[PDB]
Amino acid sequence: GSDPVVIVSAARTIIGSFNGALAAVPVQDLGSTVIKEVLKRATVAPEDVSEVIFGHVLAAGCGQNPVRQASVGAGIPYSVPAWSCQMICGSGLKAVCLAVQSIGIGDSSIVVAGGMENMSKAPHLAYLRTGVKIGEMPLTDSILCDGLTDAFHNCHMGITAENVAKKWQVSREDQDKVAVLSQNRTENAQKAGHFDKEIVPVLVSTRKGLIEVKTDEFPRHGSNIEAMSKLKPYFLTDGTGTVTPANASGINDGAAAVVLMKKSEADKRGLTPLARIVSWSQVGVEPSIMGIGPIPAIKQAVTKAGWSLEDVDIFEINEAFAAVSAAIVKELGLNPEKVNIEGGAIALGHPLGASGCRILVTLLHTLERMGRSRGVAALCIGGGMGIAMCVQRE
């Protein structure tokens, strides 16, 4: 307001498949890759960064404060504080919102915010300190334990998606249609080169030598409803299920970042931003239907912006599950041709801590490419939250 926070640069790694192209890359190196790149793009020297704030969910085995490792590994000096936030799938967007606060209140001048996740490298967990006299002990999967199981109902996120499918009357067929659309949109965007600008290559050391990875790995080209219709429901297997691996997001690896500063600071520095941040919201809802978090979050953020829903040109609403995506669109009455137009996480994947920033990166570049003005990024969050941000092209 008058001197709003603006986003000057925005980049992401490709999103790797589970146990795929980025699996050997430590999360902090994904982070360093995007941090160094957005600073390069913005022509901001690393010593001028006030702080680094990253979302990161599955941090077991990553060492002490992996965000600080990422910062230093990007060339940011030890003098610059760096820290993480966790708000499950909202984390990478929450990082951006935190930067908005720190800049807006006058504590920070330039913030690199983002998110990062290497789910392939998430470990299994054993509790060994008591010592089991006699009997089996579990090696628990941290992805399931800490990432994907609701704490209140002890059910997978996909069961919450089934809850939303039932309550919002999103059929199996509806879900597969949304999934095929997401796949086809991503394939089209890829062929057209729409992600070239946002992607920064990742260097991977291989037996055959160092290679660059610069194409998203998760999309299933030639996706079709006939093939999707044949799959069995994965999460709910009692004959009433609807969610399958083809209409759900994946488990994936990736990172994304943005450079933020006040408009006045961008002006001082001769930088034209991608967009100004208009508003943001965080909300709470019931855990059993966490997927609908974006409904109140978007409504609140749009209201705070002084907008109507019709004023929004482009939405990125994270595609946790087709059932959930469809419910949000249906309830809000959104035009599908304005929502996830480059495809979403069904096709692209969902590295938990990264996605909230990844979708913002894609949004900003879509607004830019299409010469549209107003955008919204929003995500649901396990345990019953939502987060949303309104941006306007500058």
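From 1 onward, residues are counted along the sequence shown.
Which has higher Cα B-factors on average according to the PDB entry: 44-52 or 322-330?
Averaged over C-alpha atoms, the B-factors run higher in 322-330.
Is the mean CA B factor in the deposited entry higher across 227-235 or across 181-189?
227-235 has the higher mean C-alpha B-factor.
Could you check 379, 11, 376, 21 and tell me which one carries the biggest Cα B-factor in the deposited entry?
Highest C-alpha B-factor among the listed residues goes to 21.
Could you say which of 115, 241, 123, 270 has its CA atom at the highest B factor, as listed in the PDB entry?
Of 115, 241, 123, 270, 241 has the highest C-alpha B-factor.
Sorting the chain's CA B-factors, does residue 80 end up in the lowest, middle or highest third?
CA B-factor rank for residue 80: lowest third.
Would you please rank residue 306 by its C-alpha temperature factor against the other modelled residues of its chain and give the third it falls in: lowest, middle or highest?
Its C-alpha B-factor belongs to the highest third of this chain's values.
Chain third (lowest, middle, highest) by recorded CA B-factor, residue given as residue 315
Within its chain, residue 315 is a lowest-third residue by C-alpha B-factor, going by the deposited values.
Looking at the temperature factor on the CA atom of residue 127, which third of the chain's modelled residues does it land in?
Its C-alpha B-factor, which the entry lists for residue 127, ranks in the highest third among residues of this chain.
Quick check on the deposited entry: does the C-alpha B-factor of residue 295 sit in the lowest, middle or highest third of its chain?
Middle third of the chain for residue 295's C-alpha B-factor.
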